[PDB]
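One structure below.
Number of protein chains: 2
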Amino acid sequence: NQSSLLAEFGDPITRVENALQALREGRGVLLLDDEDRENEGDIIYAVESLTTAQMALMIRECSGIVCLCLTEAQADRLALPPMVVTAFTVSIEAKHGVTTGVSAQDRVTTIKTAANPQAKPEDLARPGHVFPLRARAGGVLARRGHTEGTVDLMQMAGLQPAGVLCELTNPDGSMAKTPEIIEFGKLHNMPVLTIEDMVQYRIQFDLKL
Amino acid sequence: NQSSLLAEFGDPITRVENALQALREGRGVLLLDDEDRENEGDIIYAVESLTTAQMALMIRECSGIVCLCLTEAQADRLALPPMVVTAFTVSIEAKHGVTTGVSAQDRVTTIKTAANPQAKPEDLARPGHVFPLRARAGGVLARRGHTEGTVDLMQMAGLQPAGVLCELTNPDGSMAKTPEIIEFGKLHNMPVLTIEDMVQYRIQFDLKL
Ligand SMILES: O=C(CO)[C@@H](O)[C@H](O)COP(=O)(O)O
Ligand SMILES: O=C(CO)[C@@H](O)[C@H](O)COP(=O)(O)O
Ligand SMILES: [Mn+2]
Ligand SMILES: [Mn+2]
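These protein sequences, in sequence, are chains A and A'. A prime marks a further copy of an entry chain.
For the first sequence, the residue numbers in the entry's author numbering are 2 to 86, 94 to 217.
For the second sequence, the residue numbers in the entry's author numbering are 2 to 86, 94 to 217.
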């Protein structure tokens, strides 16, 4: 069972608290959603402390379709409508400071441009190679997605409410499952937690955000 | 100089002919565009012979933003308008036969669904995790992009005019340059060629497609 495999990381409240602390230290975490949903684990990083080396690891070890989780307000500031009349907006590229936009450094530059609380729509070309996602108001208490988990995690840690995610992928191209996620987290010193963990945590610590 | 580094692979005409033969054998090739353009090398595969293991290699070794190069006609058949009023359409997912769409197998399933000459728009959900690109009519003699190179390569090899591409990426997240591309091609037995090679080839062999 998954709850028994995660015991190693502590009880649910500890798993949340350890994840929040890692984010405050500028490290990444591994977030699993429900087993009966996608049953996938994403690498999560805070935008505020995002480095080229973190982005390189995400590209190397995950699907490479690296997403920027934004508040509805920030996506509205950037004039990012849904890509289609998972809440993908149109993809984005920094208008300045990048070349082709695909390199790890370029993606970070685009992400920081987009997440800047003083950003303007002209700051971003469209389309590009970073994929923004709109988190639902209410976070994981409204939608149990990694998108909401990501932004909720940043808010609960006291950070700017923007993060990046990408799905952990096995070398043979299949999606990592809990055993593989646990091993990856130990290898890279990243705490593991679930959306369930965050839901119980927010409810019991009566935590509106 | 790049032309001297590629000499190992044969003269320009040989580099084209070797690439075409690899595609007919169901193997991949490495296509470089102009040094003063993106100066990037993409892994290219024919859709017709695409395997999960080929897709896994692309995700592992490239940006992970794996693109499906289509004729304008095929994109029109699928009712794929531009993602924005590089010719990205809206992203796509197979409507059937996939789970979350990100796994190597799922991407291949989506690609084969989209490239089927009998496909219908209802076959594809939007958005998704495969990114189609419209090749310009005229191919590399109209636009010197990897998008056109990909589709031109399939036509010249006598294959269905659909291929996939993705940008070769170094482990540190920078984009591979010619030395690294050459080494990768030797390691994985993939021929290397340039868009320039294909332009001279099409012009001299007076090759409309
Ligand atoms: O497919 C995607 C992003 O490409 C999303 O589904 C992410 O995989 C996680 O997003 P959630 O749906 O869990 O919020
Ligand atoms: O950025 C992209 C795809 O994400 C494209 O630019 C590809 O990198 C190659 O396409 P071309 O512009 O060379 O046709
Ligand atoms: Mn997810
Ligand atoms: Mn390119």
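We put the beta carbon where it would ideally sit given N, CA and C, even for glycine.
Checklist entry - Between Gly153/A and ligand 1, is the CB less than 6 Å from at least one heavy atom? => result yes
Checklist entry - What residue does the alpha helix (DSSP H) around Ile45/A start on, and which one ends it? => result Where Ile45/A is concerned, there is no enclosing alpha helix (DSSP H), although the beta strand (DSSP E) it sits in stretches over 42-47.
Checklist entry - Residues of chain A' with a CB under 7 Å from the CB of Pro140/A: which are they? => result Annotation: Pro140/A has no Cβ neighbours in chain A' at a cutoff of 7 Å; minimum Cβ distance is about 12 Å.
Checklist entry - Can you name the residues that DSSP bridges to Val200/A? => result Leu31/A
Item to check | Interfacial residues, the stretch 101-113 of chain A' to chain A, with Cβ spacing under 8 Å | outcome: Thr107, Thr108, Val110, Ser111, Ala112, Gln113
Item to check | Per DSSP, cross-strand counterpart(s) of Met183/A' | outcome: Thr177/A'
Checklist entry - From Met59/A' to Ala74/A, what distance separates their C-alpha atoms? => result 35 Å
Checklist entry - Does at least one heavy atom of ligand 4 sit under 6 Å from the Cβ of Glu26/A? => result no
Checklist entry - When every heavy atom of ligand 1 is checked, does at least one fall within less than 6 Å of the C-beta of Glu175/A? => result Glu175/A: yes, Cβ under 6 Å from ligand 1.
Item to check | CB-CB length for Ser99/A' against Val159/A', believed under 8 Å | outcome: In fact, because the Cβ distance is near 19 Å, the residues do not count as touching under 8 Å.
Next on the checklist: Does the contact criterion of 3 or more C-beta pairs under 8 Å hold for the stretch 101-108 of chain A' versus the stretch 22-32 of chain A?
Outcome noted: no
Checklist entry - How about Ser182/A' and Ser111/A: do their beta carbons lie closer than 7 Å? => result In this structure, the beta-carbon distance from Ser182/A' to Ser111/A falls below 7 Å.
Next on the checklist: Measuring straight from C-alpha to C-alpha, what distance separates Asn2/A' and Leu195/A?
Outcome noted: 41 Å
Checklist entry - Hey, would you say the C-beta of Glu39/A' is under 6 Å away from at least one heavy atom of ligand 4? => result yes
Checklist entry - Is it buried or exposed for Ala47/A, if we count other Cβ within 10 angstroms and need 16 for buried? => result buried
Next on the checklist: So, does the stretch 4-16 of chain A' touch the stretch 200-217 of chain A', judging by three or more C-beta pairs under 8 Å?
Outcome noted: yes
Next on the checklist: So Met206/A contacts chain A'; which residues on that side make the cut at Cβ distance below 9 Å?
Outcome noted: None at all; the shortest Cβ gap to chain A' is about 20 Å.
Checklist entry - What is the DSSP secondary structure of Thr97/A', counted as helix, strand or coil? => result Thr97/A': strand per DSSP, three-state reduction.
Checklist entry - Where does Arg38/A' land, buried or exposed, given buried means 16+ other C-beta within 10 angstroms? => result exposed
Checklist entry - Taking the beta strand (DSSP E) that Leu51/A falls in, what are its first and last residues? => result It is not in any beta strand (DSSP E) - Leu51/A carries neither H nor E in the DSSP assignment.
Item to check | Min CB distance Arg151/A' to chain A below 7 Å | outcome: The Cβ of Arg151/A' sits no closer than 7 Å to any Cβ of chain A.
Checklist entry - Say the cut is 6 Å; is the CB of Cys70/A nearer than that to a heavy atom of ligand 2? => result no
Checklist entry - Of the choices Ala145/A', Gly42/A', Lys128/A', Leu79/A', whose alpha-carbon is the least far from that of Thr108/A? => result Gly42/A'
Item to check | For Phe139/A, three-class secondary structure by DSSP | outcome: DSSP places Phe139/A in strand when its eight states are reduced to three.
Checklist entry - Going by beta carbon distance, what residues of the same chain come within less than 6 Å of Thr155/A', once the five residues before and after it are set aside? => result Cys70, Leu141, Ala143
Next on the checklist: If contacts are defined as beta-carbon pairs under 8 Å, then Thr117/A and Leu132/A qualify, I think. What distance do you get, rounded to the angstrom?
Outcome noted: The pair is not a contact, with the Cβ atoms about 11 Å apart (cut-off 8 Å).
Item to check | Assigned exposure category for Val86/A - 16 Cβ within 10 Å defines buried | outcome: exposed
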